[PDB]
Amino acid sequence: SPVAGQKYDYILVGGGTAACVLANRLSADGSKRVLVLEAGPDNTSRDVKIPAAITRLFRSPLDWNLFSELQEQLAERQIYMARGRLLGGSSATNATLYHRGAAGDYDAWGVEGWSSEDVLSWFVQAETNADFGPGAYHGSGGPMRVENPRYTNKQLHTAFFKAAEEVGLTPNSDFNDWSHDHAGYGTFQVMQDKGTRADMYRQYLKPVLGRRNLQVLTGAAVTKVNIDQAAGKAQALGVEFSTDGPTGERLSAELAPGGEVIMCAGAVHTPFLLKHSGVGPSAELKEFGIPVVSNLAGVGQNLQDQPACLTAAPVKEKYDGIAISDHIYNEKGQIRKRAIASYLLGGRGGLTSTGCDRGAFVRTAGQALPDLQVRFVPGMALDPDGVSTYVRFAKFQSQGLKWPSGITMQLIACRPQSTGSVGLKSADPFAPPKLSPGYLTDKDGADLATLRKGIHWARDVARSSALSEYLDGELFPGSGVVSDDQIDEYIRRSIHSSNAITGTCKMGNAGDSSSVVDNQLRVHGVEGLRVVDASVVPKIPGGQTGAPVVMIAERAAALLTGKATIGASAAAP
(Lines of atoms letter the chains of each structure in order from A and count residues from 1; the text may use other names and numbers.)
(Lines give C-alpha, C1' and ligand atoms only; values in the text may rest on other atoms or scores of the structure.)
Protein backbone atom coordinates (compact mmCIF):
# COMPACT_ATOMS: atom_id res chain seq x y z
CA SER A 1 0.00 0.00 0.00
CA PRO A 2 2.80 2.51 0.90
CA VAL A 3 5.02 0.36 -1.45
CA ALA A 4 2.36 -0.57 -4.13
CA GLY A 5 3.69 0.33 -7.62
CA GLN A 6 7.26 0.87 -6.28
CA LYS A 7 10.52 -0.90 -7.23
CA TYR A 8 13.52 -0.70 -4.77
CA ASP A 9 17.30 -1.14 -5.39
CA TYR A 10 17.72 -2.09 -1.65
CA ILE A 11 15.18 -3.35 0.90
CA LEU A 12 16.60 -3.27 4.47
CA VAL A 13 14.89 -5.74 6.85
CA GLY A 14 14.97 -3.92 10.22
CA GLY A 15 15.77 -0.27 10.96
CA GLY A 16 18.39 -0.92 13.67
CA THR A 17 22.09 -0.10 14.19
CA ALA A 18 23.40 -1.59 10.84
CA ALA A 19 20.24 -0.59 8.88
CA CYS A 20 20.65 3.13 9.88
CA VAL A 21 24.27 3.12 8.55
CA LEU A 22 23.29 1.30 5.30
CA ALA A 23 20.15 3.49 4.70
CA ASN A 24 22.50 6.50 4.93
CA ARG A 25 25.38 5.31 2.68
CA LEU A 26 23.23 3.43 0.08
CA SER A 27 20.91 6.53 -0.44
CA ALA A 28 23.83 9.11 -0.62
CA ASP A 29 24.41 9.36 -4.45
CA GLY A 30 20.61 9.74 -5.18
CA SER A 31 20.48 6.99 -7.93
CA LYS A 32 19.24 4.12 -5.64
CA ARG A 33 15.75 3.65 -4.10
CA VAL A 34 16.24 2.32 -0.51
CA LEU A 35 13.34 1.03 1.62
CA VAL A 36 13.72 0.48 5.44
CA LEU A 37 11.17 -1.74 7.22
CA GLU A 38 11.24 -1.46 11.09
CA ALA A 39 8.75 -3.36 13.33
CA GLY A 40 9.08 -0.79 16.16
CA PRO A 41 8.13 2.89 16.21
CA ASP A 42 9.92 6.11 15.35
CA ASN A 43 12.81 7.15 17.69
CA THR A 44 11.33 10.15 19.64
CA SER A 45 11.34 8.95 23.32
CA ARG A 46 13.09 11.17 25.91
CA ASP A 47 14.12 7.84 27.62
CA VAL A 48 16.30 7.08 24.52
CA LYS A 49 18.02 10.52 24.58
CA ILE A 50 19.03 10.60 28.30
CA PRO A 51 21.69 7.89 29.01
CA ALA A 52 20.61 7.24 32.65
CA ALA A 53 17.08 6.49 31.25
CA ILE A 54 18.49 3.12 29.95
CA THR A 55 17.02 1.98 33.34
CA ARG A 56 13.47 2.73 31.96
CA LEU A 57 14.07 1.09 28.51
CA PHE A 58 14.59 -2.47 29.87
CA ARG A 59 11.26 -4.43 29.90
CA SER A 60 9.50 -1.39 28.24
CA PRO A 61 7.39 -1.14 25.06
CA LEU A 62 10.62 -0.08 23.19
CA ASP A 63 12.13 -3.56 23.96
CA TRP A 64 11.25 -6.98 22.40
CA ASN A 65 10.73 -8.46 25.95
CA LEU A 66 12.41 -11.72 24.76
CA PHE A 67 12.92 -14.61 27.26
CA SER A 68 15.13 -17.68 26.61
CA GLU A 69 13.93 -21.27 26.77
CA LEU A 70 14.24 -22.73 30.31
CA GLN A 71 18.01 -23.19 30.98
CA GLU A 72 18.55 -26.43 33.00
CA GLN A 73 22.22 -25.41 33.62
CA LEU A 74 21.10 -22.01 35.16
CA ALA A 75 18.87 -23.31 38.01
CA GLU A 76 16.01 -23.96 35.48
CA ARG A 77 15.42 -20.25 34.61
CA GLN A 78 14.37 -18.28 31.57
CA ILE A 79 16.86 -15.43 30.90
CA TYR A 80 15.63 -12.00 29.78
CA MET A 81 17.58 -10.87 26.72
CA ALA A 82 16.99 -7.13 26.09
CA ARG A 83 16.73 -6.08 22.40
CA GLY A 84 15.75 -2.62 21.04
CA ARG A 85 12.46 -2.34 19.04
CA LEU A 86 12.44 1.10 17.28
CA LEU A 87 14.45 2.99 14.63
CA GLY A 88 18.10 2.77 15.77
CA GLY A 89 17.38 -0.74 17.18
CA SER A 90 19.62 -1.78 20.06
CA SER A 91 21.87 1.31 19.52
CA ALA A 92 18.84 3.28 20.92
CA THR A 93 18.66 1.14 24.15
CA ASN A 94 22.33 0.14 24.89
CA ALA A 95 24.89 1.19 27.55
CA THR A 96 26.72 3.33 24.88
CA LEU A 97 30.16 1.74 25.69
CA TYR A 98 32.59 2.13 22.72
CA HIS A 99 34.72 -1.06 22.23
CA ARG A 100 36.40 -2.64 19.18
CA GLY A 101 38.11 -5.41 21.21
CA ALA A 102 41.70 -6.36 20.21
CA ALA A 103 43.43 -6.83 16.75
CA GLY A 104 43.63 -10.58 17.71
CA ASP A 105 39.81 -10.86 17.75
CA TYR A 106 39.56 -10.06 13.97
CA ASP A 107 42.63 -12.16 12.99
CA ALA A 108 41.07 -15.06 14.98
CA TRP A 109 38.05 -14.88 12.56
CA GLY A 110 40.51 -16.16 9.90
CA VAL A 111 38.20 -14.79 7.15
CA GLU A 112 39.95 -13.64 3.98
CA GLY A 113 39.65 -9.84 3.66
CA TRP A 114 38.52 -9.33 7.32
CA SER A 115 41.87 -9.33 9.19
CA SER A 116 42.66 -6.68 11.86
CA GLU A 117 44.65 -4.79 9.14
CA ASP A 118 41.54 -4.92 6.85
CA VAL A 119 38.90 -3.62 9.39
CA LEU A 120 40.96 -0.89 11.17
CA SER A 121 40.31 1.85 8.52
CA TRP A 122 36.51 1.09 8.66
CA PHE A 123 36.40 1.71 12.47
CA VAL A 124 38.40 4.95 11.93
CA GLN A 125 36.20 6.18 8.99
CA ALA A 126 33.05 5.90 11.22
CA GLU A 127 34.59 7.86 14.14
CA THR A 128 34.50 11.43 15.55
CA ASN A 129 36.13 11.37 19.02
CA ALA A 130 35.93 14.32 21.51
CA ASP A 131 38.97 13.04 23.54
CA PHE A 132 41.34 11.37 20.97
CA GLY A 133 42.60 13.24 17.89
CA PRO A 134 43.41 11.58 14.54
CA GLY A 135 46.14 8.93 14.54
CA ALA A 136 46.72 5.18 13.89
CA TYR A 137 43.54 4.18 15.87
CA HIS A 138 41.22 7.25 15.78
CA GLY A 139 39.35 9.22 13.08
CA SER A 140 37.85 12.77 13.37
CA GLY A 141 35.06 13.31 10.80
CA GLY A 142 32.79 10.22 10.81
CA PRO A 143 29.12 10.29 11.88
CA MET A 144 29.60 8.43 15.19
CA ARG A 145 30.14 10.59 18.28
CA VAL A 146 32.49 9.01 20.91
CA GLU A 147 33.60 10.81 24.08
CA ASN A 148 34.89 10.21 27.61
CA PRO A 149 31.89 10.00 29.96
CA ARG A 150 30.81 13.46 31.27
CA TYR A 151 29.91 12.13 34.77
CA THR A 152 32.74 11.32 37.23
CA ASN A 153 32.26 10.03 40.80
CA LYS A 154 35.17 11.88 42.48
CA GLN A 155 35.54 9.43 45.42
CA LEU A 156 34.52 6.07 43.91
CA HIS A 157 35.99 6.16 40.37
CA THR A 158 39.48 7.12 41.61
CA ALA A 159 39.14 4.56 44.52
CA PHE A 160 38.34 1.79 41.94
CA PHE A 161 41.42 2.80 39.83
CA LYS A 162 43.73 3.00 42.89
CA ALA A 163 42.34 -0.44 44.05
CA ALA A 164 43.04 -2.01 40.61
CA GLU A 165 46.64 -0.63 40.81
CA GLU A 166 46.97 -1.99 44.49
CA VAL A 167 46.17 -5.57 43.19
CA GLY A 168 48.80 -5.11 40.39
CA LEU A 169 46.65 -4.52 37.24
CA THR A 170 48.25 -2.03 34.82
CA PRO A 171 46.31 0.90 33.32
CA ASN A 172 45.01 0.83 29.71
CA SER A 173 44.77 4.49 28.51
CA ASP A 174 42.80 3.46 25.35
CA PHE A 175 40.98 0.09 25.05
CA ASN A 176 40.73 0.71 21.25
CA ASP A 177 44.48 1.30 20.67
CA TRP A 178 45.75 -1.96 19.06
CA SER A 179 49.47 -0.95 19.59
CA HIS A 180 49.19 -2.23 23.17
CA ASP A 181 47.71 -5.18 25.05
CA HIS A 182 43.87 -5.15 25.63
CA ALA A 183 44.26 -5.90 29.40
CA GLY A 184 44.18 -3.23 32.14
CA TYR A 185 41.91 -0.83 34.01
CA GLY A 186 40.54 2.53 32.84
CA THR A 187 37.60 4.45 31.43
CA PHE A 188 35.35 3.16 28.68
CA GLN A 189 34.53 5.80 26.07
CA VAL A 190 30.78 6.19 25.27
CA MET A 191 28.65 6.75 22.10
CA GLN A 192 27.36 10.10 23.41
CA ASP A 193 27.42 13.69 22.09
CA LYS A 194 27.98 15.99 25.14
CA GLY A 195 26.03 13.58 27.41
CA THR A 196 23.07 12.83 24.99
CA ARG A 197 22.73 9.30 23.53
CA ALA A 198 24.40 9.24 20.04
CA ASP A 199 22.55 6.19 18.59
CA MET A 200 22.80 5.32 14.90
CA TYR A 201 19.28 6.71 14.19
CA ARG A 202 20.50 10.12 15.50
CA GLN A 203 23.96 9.92 13.81
CA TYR A 204 23.22 8.16 10.43
CA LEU A 205 19.45 8.00 9.59
CA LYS A 206 17.78 11.15 11.05
CA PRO A 207 20.00 13.60 9.10
CA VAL A 208 19.16 12.03 5.66
CA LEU A 209 15.37 11.39 6.06
CA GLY A 210 14.75 14.30 3.53
CA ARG A 211 16.31 12.26 0.65
CA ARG A 212 13.60 11.44 -2.00
CA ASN A 213 15.25 8.03 -2.81
CA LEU A 214 14.87 6.90 0.89
CA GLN A 215 11.60 5.47 2.31
CA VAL A 216 11.46 4.48 6.04
CA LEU A 217 8.40 2.58 7.35
CA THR A 218 7.88 2.01 11.11
CA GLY A 219 5.24 -0.37 12.54
CA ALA A 220 6.27 -2.60 9.58
CA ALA A 221 6.84 -6.23 10.74
CA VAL A 222 8.67 -8.27 8.04
CA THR A 223 7.15 -11.82 7.87
CA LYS A 224 9.60 -13.31 5.30
CA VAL A 225 11.89 -12.61 2.33
CA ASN A 226 10.13 -13.41 -1.02
CA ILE A 227 12.44 -15.84 -2.93
CA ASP A 228 11.73 -17.24 -6.46
CA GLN A 229 13.18 -20.70 -7.44
CA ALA A 230 12.70 -20.04 -11.25
CA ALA A 231 15.72 -19.91 -13.71
CA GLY A 232 18.20 -22.32 -11.99
CA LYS A 233 18.93 -20.59 -8.63
CA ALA A 234 16.93 -19.05 -5.75
CA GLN A 235 16.50 -15.28 -6.31
CA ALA A 236 15.23 -12.74 -3.70
CA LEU A 237 12.16 -10.85 -5.15
CA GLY A 238 11.61 -8.56 -2.12
CA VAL A 239 9.93 -8.91 1.26
CA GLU A 240 6.52 -9.48 2.83
CA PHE A 241 5.40 -7.41 5.84
CA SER A 242 2.35 -6.24 7.83
CA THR A 243 1.85 -2.59 8.92
CA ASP A 244 -1.02 -3.78 11.21
CA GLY A 245 0.32 -6.63 13.38
CA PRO A 246 -0.55 -10.34 13.10
CA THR A 247 -4.02 -9.63 11.51
CA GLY A 248 -2.71 -7.13 8.89
CA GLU A 249 -2.74 -7.70 5.13
CA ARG A 250 0.58 -9.27 3.99
CA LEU A 251 2.00 -6.50 1.75
CA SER A 252 4.98 -7.25 -0.60
CA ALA A 253 7.74 -4.73 -1.36
CA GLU A 254 9.40 -5.53 -4.74
CA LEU A 255 13.04 -5.32 -5.93
CA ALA A 256 13.95 -3.47 -9.15
CA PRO A 257 16.18 -5.57 -11.48
CA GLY A 258 19.58 -6.09 -9.78
CA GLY A 259 17.95 -5.20 -6.38
CA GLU A 260 19.08 -6.84 -3.09
CA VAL A 261 17.36 -7.61 0.22
CA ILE A 262 19.76 -6.81 3.12
CA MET A 263 18.95 -8.52 6.44
CA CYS A 264 19.44 -6.01 9.34
CA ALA A 265 17.07 -7.53 11.96
CA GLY A 266 20.07 -8.37 14.24
CA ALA A 267 21.50 -11.63 15.69
CA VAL A 268 18.10 -12.72 17.16
CA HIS A 269 15.58 -11.77 14.41
CA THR A 270 17.66 -12.16 11.15
CA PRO A 271 18.23 -15.98 11.48
CA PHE A 272 14.58 -16.20 12.68
CA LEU A 273 13.33 -14.39 9.51
CA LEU A 274 15.71 -16.42 7.24
CA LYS A 275 14.27 -19.70 8.65
CA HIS A 276 10.71 -18.29 7.98
CA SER A 277 11.92 -17.57 4.38
CA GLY A 278 13.18 -21.19 3.75
CA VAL A 279 16.92 -20.42 4.51
CA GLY A 280 18.12 -22.69 7.33
CA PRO A 281 18.48 -26.29 8.51
CA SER A 282 15.97 -28.29 6.43
CA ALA A 283 14.81 -30.34 9.51
CA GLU A 284 13.93 -27.14 11.46
CA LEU A 285 12.04 -25.68 8.45
CA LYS A 286 10.20 -29.05 7.81
CA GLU A 287 9.11 -29.09 11.51
CA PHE A 288 6.76 -26.11 10.72
CA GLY A 289 6.03 -26.91 7.03
CA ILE A 290 8.40 -24.19 5.67
CA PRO A 291 9.57 -25.07 2.12
CA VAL A 292 13.44 -25.45 2.05
CA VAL A 293 14.92 -22.86 -0.38
CA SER A 294 18.55 -23.06 0.89
CA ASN A 295 19.42 -25.89 3.31
CA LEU A 296 22.00 -24.04 5.49
CA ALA A 297 23.06 -25.81 8.70
CA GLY A 298 24.59 -22.61 10.20
CA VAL A 299 21.47 -20.39 10.39
CA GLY A 300 20.73 -19.64 14.09
CA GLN A 301 23.82 -21.64 15.26
CA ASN A 302 26.95 -20.10 16.86
CA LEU A 303 24.93 -17.63 19.04
CA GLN A 304 27.59 -15.89 21.19
CA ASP A 305 26.60 -13.72 24.17
CA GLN A 306 28.75 -12.37 27.03
CA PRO A 307 27.24 -13.63 30.36
CA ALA A 308 27.51 -11.50 33.56
CA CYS A 309 27.37 -11.80 37.37
CA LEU A 310 28.14 -9.12 40.02
CA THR A 311 29.42 -8.25 43.48
CA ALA A 312 28.07 -5.28 45.41
CA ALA A 313 29.03 -3.60 48.67
CA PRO A 314 27.65 -0.70 50.75
CA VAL A 315 29.81 2.32 51.78
CA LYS A 316 30.37 3.23 55.47
CA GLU A 317 27.71 5.45 57.14
CA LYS A 318 30.12 8.45 56.93
CA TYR A 319 30.12 8.08 53.08
CA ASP A 320 26.25 8.00 52.74
CA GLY A 321 25.38 10.35 49.82
CA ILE A 322 28.49 9.78 47.57
CA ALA A 323 27.07 7.18 45.07
CA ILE A 324 25.62 7.83 41.57
CA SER A 325 22.20 6.73 43.05
CA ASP A 326 22.53 9.78 45.44
CA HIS A 327 23.43 12.06 42.47
CA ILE A 328 20.26 10.97 40.50
CA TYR A 329 17.66 10.55 43.33
CA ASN A 330 17.16 12.28 46.71
CA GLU A 331 16.14 10.23 49.81
CA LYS A 332 12.45 10.15 48.58
CA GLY A 333 13.24 8.95 45.01
CA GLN A 334 12.78 12.43 43.50
CA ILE A 335 15.10 13.20 40.50
CA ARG A 336 17.69 15.70 41.83
CA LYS A 337 17.48 19.34 40.64
CA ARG A 338 21.31 19.47 40.37
CA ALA A 339 21.32 16.43 37.98
CA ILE A 340 18.57 17.89 35.73
CA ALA A 341 20.31 21.32 35.66
CA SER A 342 23.80 19.80 34.95
CA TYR A 343 22.30 17.69 32.10
CA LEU A 344 20.33 20.60 30.50
CA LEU A 345 23.04 23.35 31.12
CA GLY A 346 26.14 21.57 29.64
CA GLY A 347 25.41 17.83 29.32
CA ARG A 348 27.19 16.76 32.55
CA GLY A 349 26.33 14.89 35.78
CA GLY A 350 24.55 11.65 36.72
CA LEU A 351 21.91 11.70 33.92
CA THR A 352 24.76 11.44 31.28
CA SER A 353 25.77 8.07 32.86
CA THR A 354 24.83 4.49 31.96
CA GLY A 355 26.61 3.43 35.21
CA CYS A 356 29.00 0.74 33.90
CA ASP A 357 31.55 2.92 31.95
CA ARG A 358 34.69 2.32 34.07
CA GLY A 359 36.34 -1.08 34.48
CA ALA A 360 39.01 -3.46 33.25
CA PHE A 361 39.86 -6.36 30.97
CA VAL A 362 41.60 -9.16 32.91
CA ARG A 363 43.28 -12.52 32.05
CA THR A 364 42.04 -14.89 34.79
CA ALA A 365 44.65 -17.59 33.84
CA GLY A 366 47.32 -16.86 31.17
CA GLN A 367 44.93 -16.75 28.15
CA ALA A 368 46.17 -15.17 24.85
CA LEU A 369 43.47 -12.39 25.30
CA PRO A 370 41.53 -11.31 28.42
CA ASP A 371 38.57 -13.63 29.22
CA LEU A 372 37.12 -11.21 31.86
CA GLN A 373 35.68 -7.72 31.47
CA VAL A 374 34.92 -5.82 34.75
CA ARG A 375 32.36 -2.94 34.78
CA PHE A 376 32.62 -0.82 37.95
CA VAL A 377 29.45 1.11 38.93
CA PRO A 378 29.61 3.77 41.69
CA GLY A 379 26.17 2.63 42.90
CA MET A 380 25.01 -0.47 44.76
CA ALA A 381 22.98 -3.30 43.10
CA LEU A 382 19.95 -4.36 45.24
CA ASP A 383 19.62 -7.55 43.10
CA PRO A 384 22.32 -10.07 41.98
CA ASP A 385 20.81 -9.72 38.48
CA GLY A 386 22.18 -6.29 37.25
CA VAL A 387 19.48 -5.81 34.55
CA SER A 388 16.73 -6.54 37.18
CA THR A 389 18.36 -3.92 39.52
CA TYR A 390 18.31 -1.31 36.63
CA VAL A 391 14.53 -2.05 36.19
CA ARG A 392 14.14 -1.68 40.03
CA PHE A 393 16.05 1.66 39.87
CA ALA A 394 13.68 3.09 37.19
CA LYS A 395 10.58 1.92 39.21
CA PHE A 396 12.16 3.43 42.39
CA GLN A 397 11.34 7.02 41.32
CA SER A 398 8.84 8.88 43.62
CA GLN A 399 8.47 5.84 45.96
CA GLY A 400 9.63 7.98 48.96
CA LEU A 401 12.46 5.46 49.69
CA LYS A 402 16.29 5.89 50.01
CA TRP A 403 18.51 3.72 47.72
CA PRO A 404 21.50 2.72 49.90
CA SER A 405 24.90 4.16 48.89
CA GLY A 406 27.45 1.63 47.58
CA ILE A 407 29.34 0.09 44.60
CA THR A 408 28.92 -2.80 42.17
CA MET A 409 31.41 -4.73 40.07
CA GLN A 410 29.88 -6.61 37.16
CA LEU A 411 31.97 -9.54 35.86
CA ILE A 412 31.56 -10.52 32.18
CA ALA A 413 32.97 -13.48 30.23
CA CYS A 414 33.92 -11.22 27.27
CA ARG A 415 35.44 -13.93 24.95
CA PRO A 416 33.16 -16.85 25.90
CA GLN A 417 33.57 -20.49 24.74
CA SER A 418 29.82 -21.35 25.10
CA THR A 419 27.42 -21.07 22.12
CA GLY A 420 23.63 -21.10 21.87
CA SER A 421 21.02 -20.88 19.14
CA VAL A 422 17.95 -19.11 17.76
CA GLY A 423 15.19 -21.05 15.98
CA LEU A 424 11.40 -21.47 15.70
CA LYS A 425 8.79 -22.40 18.40
CA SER A 426 5.91 -22.08 15.88
CA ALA A 427 4.99 -21.42 12.21
CA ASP A 428 3.80 -17.88 13.19
CA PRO A 429 6.36 -15.19 12.12
CA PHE A 430 4.89 -12.83 14.79
CA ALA A 431 5.76 -15.31 17.60
CA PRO A 432 8.89 -14.88 19.82
CA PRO A 433 11.89 -16.88 18.51
CA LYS A 434 13.10 -20.03 20.27
CA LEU A 435 16.06 -18.45 22.04
CA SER A 436 18.86 -20.32 23.79
CA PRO A 437 21.80 -18.26 25.08
CA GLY A 438 23.86 -21.40 25.91
CA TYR A 439 25.55 -19.71 28.94
CA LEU A 440 28.02 -21.97 30.81
CA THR A 441 27.63 -24.97 28.42
CA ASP A 442 31.21 -25.07 27.05
CA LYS A 443 32.74 -28.61 27.55
CA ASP A 444 35.68 -27.45 29.82
CA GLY A 445 33.55 -25.21 32.13
CA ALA A 446 35.80 -22.23 31.00
CA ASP A 447 32.98 -19.58 31.08
CA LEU A 448 31.95 -20.58 34.64
CA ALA A 449 35.67 -20.56 35.72
CA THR A 450 36.04 -16.99 34.22
CA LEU A 451 33.02 -15.69 36.26
CA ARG A 452 34.13 -17.57 39.46
CA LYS A 453 37.66 -16.04 39.21
CA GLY A 454 36.00 -12.65 38.35
CA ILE A 455 34.17 -12.78 41.70
CA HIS A 456 37.57 -13.55 43.39
CA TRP A 457 39.10 -10.59 41.42
CA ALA A 458 36.26 -8.19 42.53
CA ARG A 459 36.64 -9.33 46.17
CA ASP A 460 40.45 -8.68 45.99
CA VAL A 461 39.81 -5.15 44.61
CA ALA A 462 37.09 -4.37 47.21
CA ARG A 463 39.43 -5.59 50.03
CA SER A 464 42.29 -3.31 48.78
CA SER A 465 43.03 -0.25 51.04
CA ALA A 466 41.98 2.28 48.33
CA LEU A 467 38.40 0.86 48.14
CA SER A 468 38.35 -0.53 51.82
CA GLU A 469 38.45 3.18 52.87
CA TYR A 470 34.84 3.56 51.53
CA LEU A 471 33.23 0.13 51.97
CA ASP A 472 31.50 -1.51 54.93
CA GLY A 473 31.16 -5.28 54.14
CA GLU A 474 29.58 -7.05 51.11
CA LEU A 475 25.90 -7.39 50.03
CA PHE A 476 26.37 -9.73 46.99
CA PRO A 477 27.25 -12.48 46.77
CA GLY A 478 27.64 -12.08 50.57
CA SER A 479 29.33 -13.92 53.49
CA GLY A 480 27.25 -17.12 52.78
CA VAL A 481 29.07 -17.51 49.43
CA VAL A 482 32.75 -18.46 49.90
CA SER A 483 33.66 -21.90 48.54
CA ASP A 484 34.06 -22.47 44.77
CA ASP A 485 30.82 -24.58 44.72
CA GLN A 486 28.85 -21.82 46.59
CA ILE A 487 30.13 -19.16 44.05
CA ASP A 488 29.26 -21.50 41.11
CA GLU A 489 25.68 -21.83 42.43
CA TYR A 490 25.39 -18.01 43.02
CA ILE A 491 26.51 -17.57 39.35
CA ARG A 492 23.94 -20.14 37.96
CA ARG A 493 21.08 -18.44 39.95
CA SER A 494 22.12 -14.80 39.09
CA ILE A 495 23.83 -14.99 35.63
CA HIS A 496 22.36 -12.36 33.24
CA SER A 497 23.07 -10.94 29.76
CA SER A 498 25.63 -8.14 29.23
CA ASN A 499 23.64 -7.77 25.94
CA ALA A 500 26.00 -8.70 23.06
CA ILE A 501 24.48 -11.52 20.87
CA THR A 502 26.43 -12.20 17.64
CA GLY A 503 27.34 -14.98 15.24
CA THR A 504 23.94 -16.50 14.19
CA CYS A 505 24.61 -15.97 10.39
CA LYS A 506 28.36 -16.55 10.64
CA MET A 507 30.48 -15.10 7.85
CA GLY A 508 33.05 -17.66 6.63
CA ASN A 509 35.73 -18.45 4.08
CA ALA A 510 35.13 -20.69 1.10
CA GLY A 511 35.31 -24.23 2.53
CA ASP A 512 33.83 -23.24 5.94
CA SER A 513 30.67 -25.46 6.04
CA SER A 514 29.37 -23.67 9.22
CA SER A 515 29.17 -20.30 7.37
CA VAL A 516 25.83 -18.65 6.40
CA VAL A 517 27.35 -15.76 4.41
CA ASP A 518 30.54 -15.44 2.37
CA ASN A 519 33.16 -12.62 2.96
CA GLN A 520 30.95 -10.46 0.67
CA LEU A 521 28.05 -11.00 3.26
CA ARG A 522 25.95 -12.94 0.68
CA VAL A 523 23.67 -15.73 1.98
CA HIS A 524 24.72 -19.12 0.50
CA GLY A 525 22.23 -20.52 -2.07
CA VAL A 526 20.28 -17.26 -2.68
CA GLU A 527 20.94 -14.43 -5.20
CA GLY A 528 20.29 -10.78 -4.12
CA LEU A 529 20.22 -11.62 -0.35
CA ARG A 530 22.83 -10.35 2.20
CA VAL A 531 23.11 -10.12 5.99
CA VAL A 532 24.64 -6.91 7.41
CA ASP A 533 24.28 -6.94 11.24
CA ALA A 534 25.81 -8.61 14.31
CA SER A 535 24.61 -12.10 12.96
CA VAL A 536 27.63 -12.22 10.60
CA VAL A 537 30.33 -11.81 13.32
CA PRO A 538 32.24 -15.15 13.22
CA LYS A 539 33.79 -14.93 16.72
CA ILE A 540 32.65 -12.25 19.26
CA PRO A 541 35.29 -9.59 20.04
CA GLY A 542 36.08 -8.71 23.63
CA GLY A 543 33.92 -5.83 24.85
CA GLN A 544 30.51 -4.48 23.79
CA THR A 545 29.46 -5.28 20.14
CA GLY A 546 27.93 -2.00 18.78
CA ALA A 547 31.09 -0.45 17.27
CA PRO A 548 32.00 -3.69 15.34
CA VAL A 549 28.41 -3.74 13.94
CA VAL A 550 28.77 -0.12 12.65
CA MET A 551 32.22 -1.02 11.11
CA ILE A 552 30.67 -4.07 9.30
CA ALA A 553 27.78 -1.85 7.99
CA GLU A 554 30.23 0.89 6.80
CA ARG A 555 32.35 -1.71 4.95
CA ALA A 556 29.27 -3.51 3.47
CA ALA A 557 27.97 -0.06 2.20
CA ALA A 558 31.40 0.68 0.56
CA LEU A 559 31.31 -2.85 -1.05
CA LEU A 560 27.69 -2.47 -2.31
CA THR A 561 28.30 1.09 -3.75
CA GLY A 562 31.56 -0.05 -5.49
CA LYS A 563 33.88 2.17 -3.42
CA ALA A 564 35.64 -0.92 -1.98
CA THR A 565 36.31 -4.59 -2.67
CA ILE A 566 36.79 -7.29 0.05
CA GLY A 567 39.68 -9.76 -0.55
CA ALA A 568 42.73 -9.05 -1.25
CA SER A 569 44.76 -12.00 -2.73
CA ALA A 570 46.59 -11.81 -6.10
CA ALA A 571 45.41 -14.56 -8.51
CA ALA A 572 47.83 -17.58 -8.44
CA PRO A 573 49.74 -17.94 -11.80
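Here, rigid core means the biggest group of C-alpha atoms that superpose within 1.5 Å across both forms. Residue positions are given as counts along the sequence shown, with the first one as 1.
State which stretch is farther from the displayed form on average in 5 other deposited structures of this protein, 240 to 248 or 403 to 411, counting RMS CA distance after fitting on the rigid core.
Higher average C-alpha offset in 5 other deposited structures of this protein goes to 240 to 248.
Across the other PDB entries of this protein that were compared, is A230 absent from at least a third?
Missing in at least a third of the others, so yes.
Check the entry's C-alpha temperature factors for 118 to 126 and 290 to 298, then say which stretch has the higher mean.
That would be 290 to 298.
Taking only the CA atoms, which stretch has the higher mean B-factor in the record, 279 to 287 or 383 to 391?
Taking the mean B-factor of the alpha carbons in each, 279 to 287 is higher.
By the CA temperature factor listed in this entry, which of these ranks top: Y80, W178, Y98, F241?
Spelled out: the listed residue with the top C-alpha B-factor is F241.
Maximum C-alpha temperature factor per the entry, among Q304, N226, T352, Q373, belongs to which one?
When the deposited C-alpha B-factors of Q304, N226, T352, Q373 are compared, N226 is largest.
Based on the deposited C-alpha B factors for this chain, I'd like to know if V549 is in the lowest, middle or highest third.
Its C-alpha B-factor, which the entry lists for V549, ranks in the lowest third among residues of this chain.
By its CA B factor, does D447 count among the lowest, middle or highest third of the modelled residues in the chain?
Within its chain, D447 is a lowest-third residue by C-alpha B-factor, going by the deposited values.
Lowest, middle or highest third: where is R522 by C-alpha B factor in its chain?
Tercile = middle for this residue's CA B-factor.
Ranked by Cα temperature factor within the chain, is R202 in the lowest third, the middle third or the highest third?
Middle third by C-alpha B-factor.
Tell me, lowest, middle or highest third: where does the Cα B factor of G141 rank within its chain?
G141: CA B-factor falls in the highest third of its chain.
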